[PDB]
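Before any questions on how it binds or moves, here is one chain, the form deposited in one PDB entry, in structure tokens.
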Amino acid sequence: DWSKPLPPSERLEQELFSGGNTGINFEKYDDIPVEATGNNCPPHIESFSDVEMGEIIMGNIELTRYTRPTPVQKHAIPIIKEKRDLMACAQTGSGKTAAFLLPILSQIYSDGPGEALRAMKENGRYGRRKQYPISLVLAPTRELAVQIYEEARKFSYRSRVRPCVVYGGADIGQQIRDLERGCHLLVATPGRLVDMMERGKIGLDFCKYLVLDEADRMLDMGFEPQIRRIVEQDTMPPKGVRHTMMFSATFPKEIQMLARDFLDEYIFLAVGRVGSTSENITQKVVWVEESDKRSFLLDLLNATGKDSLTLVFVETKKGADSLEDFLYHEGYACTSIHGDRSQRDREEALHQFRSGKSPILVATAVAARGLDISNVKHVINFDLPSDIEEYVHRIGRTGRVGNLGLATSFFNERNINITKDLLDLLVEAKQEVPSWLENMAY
């Protein structure tokens, strides 16, 4: 019914498609060993023309300048087209978002809204036009939710499918009003989705496509209850009925087994070693006592100041506030993003950083996962994380779609616990290994 497009608008085509910046090593993606585990896994394609993507999908693909698919896309677009549950891991900045957004949209174009939602184009209470989304994508932070919502808007162009997004901090009424205009695909962070549901504005009764982006994060001790409250404890179709996809660049074993409570006869994609980094990212680790970090940071900022964006991670919200003040008063064009900032300031910070107006962003891990920003060329771990997975995700903000990047990290007493893991990751990444780091790992 819906695979036939609608009139275009050059206004929106300019407002949506930037132009895309494919990296120099976009072809080295083919050098990566892919693993597929499970019953009757469909074959991996090599071109977007190897399967039935609607006229809409191929048109919008040729708008974003995607030449040929990435490994995870080649393997996962069919699996989701085959309506199978999926757990996929692929390196940071390797195209997972489109890997789950293209097939879902193609399938909703073919299958249409279904008998269920076609049975509600006759009536509806005024205002209490609760929306029944077909698909739900859940992400761990607000800005990542919006980034995915925007990618959705790009791919649902000239289609009858209209996506929305709901997330905390923002005005609740504006989101309600945007829902009432019609929600088919819903991106959300957990708390605001539960708030919408307990207000009777959203219902998961016809939700047949579930996505957990940054899945291992959505399944930690803090998010597992909320994921259950949305999936198990409410009106969402259970496994086997709904189709559950989980994408991450990391999956610890324990979390990979906990994720089974939401999956049914699933494929397991592994585009590389689960938890591996891109080769395009040069990793430098330097010893820095605490009392010296600031001075040391300054030197880095004075060097890589060409036309590149620099992202600086710290471990607390107070710390981000304190450094951002320090750098501001030392004359730098900077902002910060952390939890204690209002959502307006938070998104504005992200915008200024993305547009170059403030090329230095001090950040807590709100920005560790999921965000891709063009021309981010240096990533600085002012504070190291406590585990190697947070580290992989952090340094993944640079060196994305084949482009190269630098990642410098401050190390000292407080970081002893990570030594071994960091050391190991340096080896398989083919990176310089500080000798005192080896001697520190016994």
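Throughout, rigid core stands for the largest set of C-alpha atoms superposing within 1.5 Å between the two forms. The first residue of the sequence shown is number 1, and the count goes up from there.
Keep in mind that the form deposited in another entry is missing from the display, and what follows is about it.
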Looking at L185, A139, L361, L101 between this form and the one not shown with the core superposed, the single C-alpha displaced by 2 Å or more is at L361
With a shift of at least 3 angstroms, figure out whether the C-alpha spacing between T277 and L101 grows or shrinks in the other entry: closer or farther?
farther
Quick one: in the other entry, is the Cα gap between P140 and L406 smaller or bigger than here? Answer closer or farther; it shifts by 3 Å or more.
closer
